[PDB]
Amino acid sequence: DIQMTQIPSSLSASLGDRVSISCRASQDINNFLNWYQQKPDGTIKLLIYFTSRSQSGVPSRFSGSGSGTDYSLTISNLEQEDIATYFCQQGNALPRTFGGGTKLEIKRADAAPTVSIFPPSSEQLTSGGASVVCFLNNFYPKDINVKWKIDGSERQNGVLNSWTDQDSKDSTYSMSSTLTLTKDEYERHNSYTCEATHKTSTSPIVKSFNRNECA
Amino acid sequence: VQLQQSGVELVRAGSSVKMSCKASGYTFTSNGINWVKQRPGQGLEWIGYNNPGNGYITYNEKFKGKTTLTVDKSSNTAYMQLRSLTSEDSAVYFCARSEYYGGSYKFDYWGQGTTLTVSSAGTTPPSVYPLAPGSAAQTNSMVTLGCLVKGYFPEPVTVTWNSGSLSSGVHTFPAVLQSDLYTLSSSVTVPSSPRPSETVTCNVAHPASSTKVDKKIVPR
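Residues numbered from 1 in each chain as written, not as in the entry; some residues may be left out. Chains lettered and ligands numbered in written order. Heavy atoms only, no water. Residues with missing side-chain atoms left out of burial classes, pairs and counts.

Method of determination, as given in the entry header: X-ray crystallography; reported resolution: 1.90 Å.

Below, the structure is given as structure tokens:
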């Protein structure tokens, strides 16, 4: 197959920036290269075809170029609606192959997460289950490390993490981490700690609660 | 031009599905139809092609055998049949139209895609649990409340706070698959002025099971 590699797998840029995305083929593709845009909602449209022909209805800030095995897609001035995943595809031979895709995000100033932790609700405890939830909200960059500790020992088992897409208005990310135990194991320990490590600080952010602290 | 998709999506391992892609807005026999697979793990995969005009079909050797492409010219519908379904077949499948441009083709119009979920799970309504700030004074000025929606199937659930009147400060996280069941959560940050002098309730709806649950967040 002709292997297609997109150089920057993910890219950060500020609105107004000139963005350029690379696509390399394993062998000369004779300019038969098309570009697709996948919006965060999963839908896809053709952007550019035959290396540099613009498809009807697409913004004039998108242009493409290249030859042989090297092609690029350039956004002249990044707009918010351009936040998406872009894919090159070769139409020189079968099977048709696509590049791995390049996802864009808006670059902004760093922002430390607002962390909050929540003890299992009593409704859940009645069912014999126990989930401790920790929200880490509105931070930038996306890279964050969360570790759970129970009486000084660390997490690992029973953790479910989930991230939101970059917020369209303030460009930050949010994350939620949940530690689930049985009611039996929960009631045999005192403290539960959610510990986050982010670029914004040399020392982790720690939020804890003690089971007995019934205020 | 428009490619409207859909076929069975919630299936069990070992079965087969026949998905459809109905074209409109142009002369169906004039353009070939391609099928593409996209697993949650980012990437796109070309499955095969079918030209309803000349009846030419071609497959990607990978899918050749597990896949059967057919077309019904009378109704302008393209079909793809997957068989011997496994967990690695769970993906979104798109159909796209080919258009000749001097030398090669461009996939110019795409269908919205059909999500194929292979699972053993049965329709199950969620357990909604109110999350009130714990133990010591959790937060100053603003207060963060949450709602844990655990163990439901299938997707999706819709979460709203105060029947939607509370839209600012809310974060609803993408559902995560735990043991073949989904779990998700949502948080809301209100000034210490509102709760608990003012009522905060999380409302979750699960269409698949016709379930609706209202959970008021009250002080621990």
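## Thoughts on the pattern of salt bridges
Residue and element names in this part refer to chain A. Test applied: We define a salt bridge as a contact between a side-chain nitrogen of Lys or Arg and a carboxyl oxygen of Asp or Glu at a distance within 4 Å. The helix count covers DSSP runs of H or I at least four residues long, the strand count covers runs of E at least two residues long, and both are numbered beginning at the N terminus. Note on exposure labels: buried denotes an accessible area under 20% of the residue type's maximum, exposed denotes more than 50%, and partly exposed covers the range between, all computed with a 1.4 Å probe on protein chains only.
Following the criterion strictly, the structure yields 13 salt bridges over all chains and no others. With a shortest N-O distance of 2.8 Å, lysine 199 and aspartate 110 are connected by a salt bridge. Here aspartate 110 lies in the loop between strand 11 (102–106) and strand 12 (114–118) and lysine 199 lies in the loop between strand 18 (191–197) and strand 19 (205–210), a separation of 89 residues in the sequence. Look at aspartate 110 and you get partly exposed, because its relative accessible area is 36%. For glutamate 185, the salt bridge goes to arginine 188, with nearest N and O atoms at 3.7 Å. Salt bridges here are not isolated pairs; linked through shared partners, they connect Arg61, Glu81 and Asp82.

## A closer look at the side chain of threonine 85 of chain A
Defined as follows: Contacts: residue pairs with any heavy atoms within 4.5 Å of one another.
Relative to the helices and strands, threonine 85 of chain A resides in strand 9 (residues 85–90). The exposure class of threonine 85 of chain A is buried, given its relative accessible area of 7%. When residues no more than four places from it in sequence are discounted, the contact partners of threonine 85 of chain A are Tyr36, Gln37, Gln38, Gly101, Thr102 and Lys103 of chain A together with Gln42 of chain B.

## A few points about the domain arrangement of chain B
Many authors give the size of an interface as the accessible area that is lost as the parts come together. Residue and element names in this part refer to chain B. Going by this rule: In this entry, domain limits derive from an automatic or database-based domain assignment. As used here, buried area is the combined drop in accessible area, with a 1.4 Å probe, of two parts when they are placed together. A 3.5 Å cut-off defines polar contacts: any pair of N or O atoms within that distance qualifies, except that in protein one atom must be a possible hydrogen donor and the other a possible acceptor, and neighbouring residues in sequence count only when both atoms are side-chain atoms.
Along its sequence, chain B is carved into domain 1 (1–120) and domain 2 (121–220). Relative to domain 2, the C-alpha centre of domain 1 lies at a distance of 37 Å. Facing 4 residues of domain 1, the contacting portion of domain 2 comprises 6 residues. For the pairing of domain 1 and domain 2, the buried interface totals around 340 Å² over both sides, and the portion due to carbon and sulfur atoms is 55%. On the domain 1 side of the interface with domain 2, the three residues burying the most area are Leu10, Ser119 and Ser120, jointly 86% of the side's total. For the pair domain 1 and domain 2, the number of links is 0 salt bridges. There are 0 residue pairs in polar contact connecting domain 1 and domain 2.

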